[PDB]
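Next up: a single chain in structure tokens, the form deposited in one PDB entry.
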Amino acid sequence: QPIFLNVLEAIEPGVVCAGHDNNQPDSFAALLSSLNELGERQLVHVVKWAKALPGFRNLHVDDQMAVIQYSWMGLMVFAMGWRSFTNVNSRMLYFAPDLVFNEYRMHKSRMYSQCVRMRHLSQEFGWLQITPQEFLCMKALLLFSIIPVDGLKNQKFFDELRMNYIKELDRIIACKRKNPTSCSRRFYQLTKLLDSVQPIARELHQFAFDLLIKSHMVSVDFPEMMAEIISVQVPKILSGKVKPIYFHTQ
């Protein structure tokens, strides 16, 4: 029985819609208001998903919310890239069924560069032939990929959990591979892909923060929970107090 993968499939969120009005001309304020609403809705699902992951209760209660909050943007990026690949072969960014970005919308959103980096990530899911099971284990690992310089309340419990998710990824890679060289090559590819999420998430964090600071001038609404993340947690990342764990750092 593949217990670990059984769980990851079982907990995977279903479809989340933004509530956007597609039946009006595009505007920056409406697009970003809808993206923010989608982010709030996604956050509720990400919390419920994370809390149901294998071993998640091993973390100190004081650390559980913090790692979700730090990782939320990257998790959104990685899952949206997958949706975009699977649903539309990377032709568009599939933020939600009712919030699909073509290049016009990427431009209108003022996050064109971030968007095209996400489109490239989408493409990579196909070029690398990422399997659904690789995707699920990678996404879980991505939750455990950002830590504070000053330490979590219980860093050792986090460290052990992270280790265990890397071991699961090793197990998934080795399943149909009959050769430690083939396993190594695949691990290299997958860890490179995971590392590539991080600069995208940082760019999106910078945009989110800048937009929140000017939000009252540009008519863009930020829902409560995601606003709190952007004003409390995100600056800790952007100031370097909280940093990603890069597999391939130098």
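Residue numbers run from 1 along the displayed sequence.
Below: the form deposited with a partner chain bound, not depicted.
Each of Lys48, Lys51 and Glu224 comes within 4.5 Å of its partner chain in the bound PDB entry, counting any heavy atom. For the residues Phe207, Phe56, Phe187, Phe28, the 4.5 Å heavy atom test against its partner chain in the bound PDB entry is passed only by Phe56. This chain lacks the partner; the member of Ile68, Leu38, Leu193, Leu211 within 4.5 angstroms of its partner chain in the bound PDB entry by a non-hydrogen atom is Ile68. Partner contacts here mean any heavy atom within 4.5 Å of its partner chain in the bound PDB entry, and among 68-76, 101-109, 154-162, 114-122 they occur only in 68-76. In the bound PDB entry, its partner chain sits within 4.5 Å of a heavy atom belonging to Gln64.
In the bound PDB entry, no heavy atom of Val242 sits within 4.5 Å of its partner chain. Contact annotation: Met217 falls outside 4.5 Å of its partner chain in the bound PDB entry, judged by heavy atom distances. Contact check for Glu228: a non-hydrogen atom falls within 4.5 Å of its partner chain in the bound PDB entry.
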